[PDB]
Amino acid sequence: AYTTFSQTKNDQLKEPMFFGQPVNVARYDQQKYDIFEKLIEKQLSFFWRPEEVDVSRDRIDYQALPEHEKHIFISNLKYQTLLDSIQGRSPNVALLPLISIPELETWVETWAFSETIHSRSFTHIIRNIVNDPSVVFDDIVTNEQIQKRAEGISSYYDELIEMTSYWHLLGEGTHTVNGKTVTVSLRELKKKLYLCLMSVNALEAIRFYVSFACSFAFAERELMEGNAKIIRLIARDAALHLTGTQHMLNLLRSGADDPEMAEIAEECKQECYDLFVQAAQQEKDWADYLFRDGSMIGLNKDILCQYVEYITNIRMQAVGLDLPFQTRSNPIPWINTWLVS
């Protein structure tokens, strides 16, 4: 029931963000929500090439680092890498089949594209700091610590994808498949999308930001300056990505775009709150392990932990959630020098 070109003539201004008629013509002269067109414009204007950044000196810097510090840096890098591997593909595979307005369709493809550039930049960095990149790459997949911090990300995307598949194939209803009963509900599928988006929002809003702090800590010490420039370029893109997810959720919860979504949003509030807290926790936990055999110069488990509570608070309010943590001022205001945005 999915089509690469819906032959029905339709007003693309009146379609909902998701689950309406698949987009046929790709036009950009008009939009139901211009924020999406603005996002495409800004992301294109931000286009950059990793190779164009010199990382010549990070190698010796990396190598002179104290062992515990090498670990901190590389684990963090490994984490960023995983996240972007997932982000390069997932929004395209997960959202495209359910988008009904073109500006959003294209924003998603542009956003996903920008994530591949991020992946490209990681290879660039790794290549220039270790002897055998394969050692780093191979550890991303099975690193117990990583799948542990990242746990649940692929699963939200994977379930939505499968549900989407059943929906498109079988349509809404109570069906049977090889002797088993399989129920398909548009409502359950909207829930899944909603929680999946909320989760990607955390991913962009919190997970990455925590990593930015771990990377910029080195920059503050004039260390890994190649990596730093890349991270800076990456953080500028994330702000945009963050903006898209926030608007999507806000338009969804606000009931303007899809009433049922507004409803749904309300019913899983507590569910979302918990999801958020869970993510803030994983990050804390990661932090607790990355700084066990030694803390770094200007960052430690406790500072990082405060940061996570700090930014989590801001992100959650930005999406109408209650604050889970004690309100406090930024505990590492020096980071603002790197977050050009």
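Residue positions are given as counts along the sequence shown, with the first one as 1.
Per the PDB record, of the two stretches 127-135 and 163-171, 127-135 carries the greater mean B-factor over its C-alpha atoms.
The deposited model assigns a higher average Cα B-factor to 187-195 than to the other stretch when 187-195 and 111-119 are compared. In the PDB entry, the Cα temperature factor peaks, among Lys38, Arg57, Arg27, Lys32, at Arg57. Going by the entry's values, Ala256 shows the largest Cα B-factor out of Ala256, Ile86, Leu96, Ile206. The deposited CA B-factor of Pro22 belongs to the lowest third of values across its chain. Per the PDB record, residue ranking by Cα B-factor puts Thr106 in the lowest third of the chain.
Ranked against the other modelled residues of its chain, the C-alpha B-factor of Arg221 as given in the entry falls in the highest third. Among the modelled residues of its chain, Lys269 has a C-alpha B-factor that falls in the highest third, as given in the PDB entry. Looking at the C-alpha B-factors along this chain, the one for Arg315 belongs to the lowest third.
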